[PDB]
Each structure stands twice: as structure tokens, then as C-alpha cells.
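Asks: turn this into a model:
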Amino acid sequence: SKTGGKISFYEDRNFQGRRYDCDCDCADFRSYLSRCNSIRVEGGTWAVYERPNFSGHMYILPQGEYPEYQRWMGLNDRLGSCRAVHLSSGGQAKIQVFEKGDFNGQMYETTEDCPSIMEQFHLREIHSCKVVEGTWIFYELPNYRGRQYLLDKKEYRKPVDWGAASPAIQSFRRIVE
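Replies: Numbers count the residues shown, from 1 in each chain. Below is the structure in question.
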């Protein structure tokens, strides 16, 4: 019947205080919760944003229990919207990256995660890349740290096409169940 992913947010730590359960994406949770300092993910993987309309800091949460915001690496207890991340399987995920924009310059192809792009490819920035899988994550600082950007399965010709204000990207990882 109504089978699906589910996430629960609690206003206080240790799952105490008012609680709210969500089974689908929510663009504005401010009317049901004024703050969230702990979260429980019962099933599925979700993306949470600090401000409504999927804006502000974004964090990916896999299934699991987080008795406190620091357990989710939250910067604070502010969350205005959340969306369910769909994972795509199929076979072998492969990615191609180009040194210049519009798929120009030297190209490198790899099927593994990259902790440091400069150490692996000797590149300080990335301006274009072709990924065909489904959902991929890019991070602004090495070791998967800093602001993260979620890529889908479309054709990105400019860095701004990934929602980034600068072509700076230092690491990336594939999402898997």
C-alpha cells in the first residue's frame, strides 16, 4: 500500500519534545516545527536544507538514528525543507571529467570515488564533467568536506549548471544503498 521512506524530527535532544513524521518531500516545515535538534531516519535517504525552498546548507542523511544534531554534522538546529533522494542501481557507475568547460581540454575517466582531485589528476578546479548514473555528490573541500552539490542525470555545460557559484570542486563520491 503506501510503502515509502520515513524520517522523524524531534524539537529536543534524545528524541524528546514535539515530534513530526514525514513520508515525502516538504518545501516548508516551519509551520509544523520551529526547530529540529535530533532526527531519526526509518527508511530511504533524504537531503535536508537549512532554509525553506531547498536553500542554504544542504546535508544528505542515510537511514539511521541521530540522537543529536551534531550526529548529523548539523551546523545548527535550523531546517526549513527536506527532499527524498532516489538511488539508481543497474550495473557499473562510470564518470568522465574535463579540464576545461564544455567538455574541452584533457579528459580523465574513473569508476571509483576521488578523495582529492588535485592529488589524483593534478587539477585545481573542475569546469565541466559528464556523469551518467543518477545521483552523484561533489564536495568543495578535500576528504568530502565543505559545501556539497547534488548532481542528477542531465547535460551540464557550465559549472553554474550544478547550482555552484564557482567552478571549485575538490572531491566527489557515488551514492549507493
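Asks: please enumerate the strands of this protein.
Replies: Here the chain has its strands, by DSSP state E, at 6-10, 19-22, 38-43, 45-51, 55-61, 64-66, 81-85, 95-100, 104-110, 128-131, 136-141, 145-151, 171-174.
Asks: what's the end-to-end length of stretch 100-114?
Replies: Terminal residues of stretch 100-114 are spaced 19 Å apart (CA to CA, to the nearest Å).
Asks: go through that stretch and flag the buried ones.
Replies: 103, 108, 114 (16 or more other CB atoms under 10 Å). Placement of C-beta: from N, CA and C, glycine included.
Asks: returning to what we had before: ok, which of the strands of the chain comes nearest residue 162?
Replies: Residue 162 lies closest, by CB to CB, to one member of those: strand 145-151, at 5.0 Å.
Asks: tell me the angle the closest one makes with strand 81-85.
Replies: If you take axes from the mean of the first three to the mean of the last three CA atoms, to 10 degrees, strand 145-151 sits at 60 degrees to strand 81-85.
Asks: number of nearby residues for residue 53?
Replies: Per other CB atoms under 10 Å, the neighbour tally for residue 53 reads 10.
Asks: noted, bye for now.
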